[PDB]
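A single chain comes next, written as structure tokens; it is the form deposited without the partner chain.
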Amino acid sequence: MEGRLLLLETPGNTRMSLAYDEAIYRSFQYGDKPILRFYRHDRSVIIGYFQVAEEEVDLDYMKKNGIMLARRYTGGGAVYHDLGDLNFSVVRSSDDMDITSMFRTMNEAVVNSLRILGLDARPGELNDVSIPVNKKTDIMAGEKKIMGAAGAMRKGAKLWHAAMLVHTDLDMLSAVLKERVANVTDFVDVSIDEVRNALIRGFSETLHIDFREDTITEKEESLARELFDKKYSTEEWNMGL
């Protein structure tokens, strides 16, 4: 089956990037071409939809250091991104609300992709959502987390997007979200492009979809702009004013 590969990234505006990402999710109609989107964000902390900013991050350190706060539309915990972090989102038709199985199948895809790069990894073991590593939504290179993910479902559509640490500043990560995380490049000598290419092939093989490069539609673009103008660009959305 043919998919859409969207190489669609606004690294200098994380809030707009997130607007793009709900936009593609919400524009999706059951039976549409499944979407695989790759993107990076400059220095940024992205918190879960339901999180209290000042409980989860050092907002004073962040402002002092020019790190953008951005709230995403999926739940889950807070993460630090920079240009060393590769993000990706998968939107597909859905006939059920079995989110566990979604994470399971996307993690298989990620594991297959990393195998291509010579890196052995598994999904974490634990259900406890509050713990920092080894969750079933994490991907673990042994004891170290190298990737986390969040997702959402509605009638007819699912979304699952993930942040992979390729060559992220792990010291900035630890400072802003206040030994357990690692970069992919701590294990194998690879570029972001090589990682992206492995993920394309791995997701294609695992999901049996051929993701061909495409652009966003006028409808997807206009919704993203609306979501940004009315929501993602605002302090109320991000800070929860």
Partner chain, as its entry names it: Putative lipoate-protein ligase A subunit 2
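Throughout, rigid core stands for the largest set of C-alpha atoms superposing within 1.5 Å between the two forms. Residues that one form lacks are left out of the comparison. Positions refer to the first chain, counted from 1.
Although it is not shown, the form solved in complex with the partner chain is what the next lines describe.
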{"item": "Heavy atom of each of 50, 55 and 153 within 4.5 Å of the partner chain in the bound PDB entry", "value": "yes"}
{"item": "Answer range among 55-63, 32-40, 212-220, 199-207 for contact with the partner chain, defined in the bound PDB entry as heavy atoms within 4.5 Å", "value": "55-63"}
{"item": "Close approach of residue 99 to the partner chain in the bound PDB entry, 4.5 Å, heavy atom", "value": "yes"}
{"item": "Touches the partner chain in the bound PDB entry: residue 125 (any heavy atom, 4.5 Å)", "value": "yes"}
{"item": "Touches the partner chain in the bound PDB entry: residue 84 (any heavy atom, 4.5 Å)", "value": "no"}
{"item": "Contact label in the bound PDB entry: residue 75 to the partner chain, heavy atom within 4.5 Å", "value": "yes"}
{"item": "Did residue 96 shift 2 Å or more between the shown form and the other one, C-alpha, core superposed", "value": "no"}
{"item": "Cα displacement of residue 83 between the shown form and the other one reaching 2 Å, rigid core superposed", "value": "no"}
{"item": "Rigid core superposition, residue 105 Cα moves 2 angstroms or more between the shown form and the other one", "value": "no"}
{"item": "Segments displaced between the shown form and the other one (3 or more residues, each Cα shift of 2 Å or more, core-superposed)", "value": "124-133"}
